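Novice: I would like the atomic coordinates for the input below:
(chains A, B, C and D)
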Number of protein chains: 4
Amino acid sequence: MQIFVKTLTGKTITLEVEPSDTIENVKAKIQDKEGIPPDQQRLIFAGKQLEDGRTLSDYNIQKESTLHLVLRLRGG
Amino acid sequence: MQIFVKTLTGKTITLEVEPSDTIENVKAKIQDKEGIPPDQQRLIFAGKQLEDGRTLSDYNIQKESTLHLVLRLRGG
Amino acid sequence: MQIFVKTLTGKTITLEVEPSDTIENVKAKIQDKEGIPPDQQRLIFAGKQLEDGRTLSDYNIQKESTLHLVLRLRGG
Amino acid sequence: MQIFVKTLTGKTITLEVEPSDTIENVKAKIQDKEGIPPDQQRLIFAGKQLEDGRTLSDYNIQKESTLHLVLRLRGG
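Specialist: Residues are numbered from 1 along each chain as shown, chains lettered A, B, ... in the order given. Sure, structure below:
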């Protein structure tokens, strides 16, 4: 199914995922598309930072839901 | 100077700060105003998560700049 | 009538309500004022969590009553 | 170490615990001392609900800390 991930800088991308995918799995797909390693990503749904080991289902993220993405860098 | 801190869920608060305030200082101010514990706060500007030991001036955060606020639970 | 909804981190929200308002109506007022999604809200009176579908009058909540608010975020 | 568990009706109990105790272990001690079943207990520290599987040291809960206890039961 499709979900959207919107950066805080206004860029939207479309990902193909399954309810069973972990947040770690979703970050790997984002790297596949955008080149950002998972450790430098923080994903956000309903105002909360999500945990690598929980699933989209855990968070009730469904078809065409929008997550937000921010970078987590050191020094910048 | 005044800055705006916005959650992704529609709440805006205004804070009085100085350019030399650290992000740690700013989270303490948000705790004072809104009650949110500092370890559960993640502040965002320029599409990225901010670090506790840097100042507002370090990130070029100026008067009337908007920061975003998201929550992080986990061990916090 | 007015009621007060206190968090466990020392903040107080004042709400205008009616005795016939449901717990869900109260959560929608809190979403309007504070941005908190109703799905994350748990309202408390007399030390216990309150249920969707009941009215304020069903719990003997009256003018100037104080409720508590705690958050429960799906999946942490 | 000693900790306090306080309900929102002001009922306070003290418990003897170790930093390595899980939140579930704490709920079990509460059941032993006060006869509240663990399923009915929501334990809160720093405004956030605590996960059953995590330890007191995971949350940096130190000697003489106060946890709040909210009761969850349908029908009242």
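Novice: dump the residue contacts of the nearest residue to residue A:68 once chain neighbours are set aside.
Specialist: Using CB to CB, 6 or more residues apart in numbering or on different chains and skipping the chain neighbours, the partner closest in space to residue A:68 is residue A:44 (4.1 Å). Just so you know, the C-beta spots here come from the backbone N, C-alpha and C atoms, and that holds for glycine as well. Taking CB atoms under 8 Å, 6 or more residues apart in numbering or on different chains as the definition of contact, the neighbours of residue A:44 are A:50, A:67, A:68, A:69, A:70, B:8, B:70.
Novice: before we move on, what about residue A:48?
Specialist: By CB under 8 Å, 6+ apart, residue A:48 lies in contact with B:70, B:71, B:72, B:73, C:73.
Novice: Which residue ranges of chain A form helices?
Specialist: Listed in chain order, the helices of chain A (DSSP state H) span residues A:23-34.
Novice: How about the residues of it by chain B?
Specialist: Taking CB under 8 Å from any CB of the partner chain as the criterion, chain A approaches chain B at residues A:7-9, A:42, A:44, A:46-49, A:51, A:68, A:70-74, A:76.
Novice: Which of those residues fall in strands?
Specialist: Of the positions in the residues of chain A next to chain B, A:7, A:42, A:44, A:48, A:49, A:68, A:70, A:71 sit in strands, assigned by DSSP state E.
Novice: ok, those residues vs residue B:21, which is closest?
Specialist: residue A:70 (20.9 Å; CB to CB).
Novice: I'd like to know how many residues surround that closest one.
Specialist: 25 (other CB atoms under 10 Å in any protein chain shown).
Novice: What sits closest to residue A:23 if chain neighbours are left out?
Specialist: With sequence-adjacent residues excluded and distances taken as CB to CB, 6+ apart, residue A:23 is closest to residue A:50, at 4.6 Å.
Novice: so the one you found touches residue A:43, yeah?
Specialist: Yes. A contact is recorded between residue A:50 and residue A:43 when judged using CB atoms under 8 Å, the distance being 4.7 Å.
Novice: Identify the contacts common to those two.
Specialist: What both residue A:50 and residue A:43 touch, as defined by CB under 8 Å, 6+ apart, is the set A:23, A:67.
Novice: My guess is residue A:42 contacts residue B:42. True?
Specialist: Yes. Assessed by CB under 8 Å, residue A:42 is found in contact with residue B:42 at 7.2 Å.
Novice: which neighbours do those two share?
Specialist: Residues within reach of residue A:42 and of residue B:42 at once, by CB under 8 Å, 6+ apart, are A:49, B:49, B:70.
Novice: Contacting chain D as well, which ones from those?
Specialist: Restricting the shared contacts of residue A:42 and residue B:42 to those near chain D - CB under 8 Å from any CB - leaves none.
Novice: which one of the residues you listed sits closest to residue D:29?
Specialist: Distance to residue D:29 across these (CB to CB) is lowest for residue A:49, with 30.9 Å.
Novice: Right, and chain C sits closest to which residue of chain A?
Specialist: As assessed by CB to the nearest CB, chain C sits closest to residue A:58 within chain A, at 3.8 Å.
Novice: Please tell me how far residue A:22 sits from chain D.
Specialist: When distance is defined by CB to the nearest CB, to the nearest Å, residue A:22 is 17 Å away from chain D.
Novice: Nearest residue to that residue in space, ignoring adjacent ones along the chain?
Specialist: Across the structure, with CB to CB, 6+ apart as the measure, the residue nearest residue A:22 apart from its sequence neighbours is residue A:55 (5.5 Å).
Novice: residues contacting that neighbour?
Specialist: A:19, A:20, A:21, A:22, A:23, C:75.
Novice: Scan the residues you listed and report the most crowded one.
Specialist: residue A:23 (25 neighbours).
Novice: between residue A:50 and residue A:43, which one's more packed in?
Specialist: In terms of neighbours (other CB under 10 Å), residue A:50 is the more surrounded of residue A:50 and residue A:43; the figures are 27 against 22.
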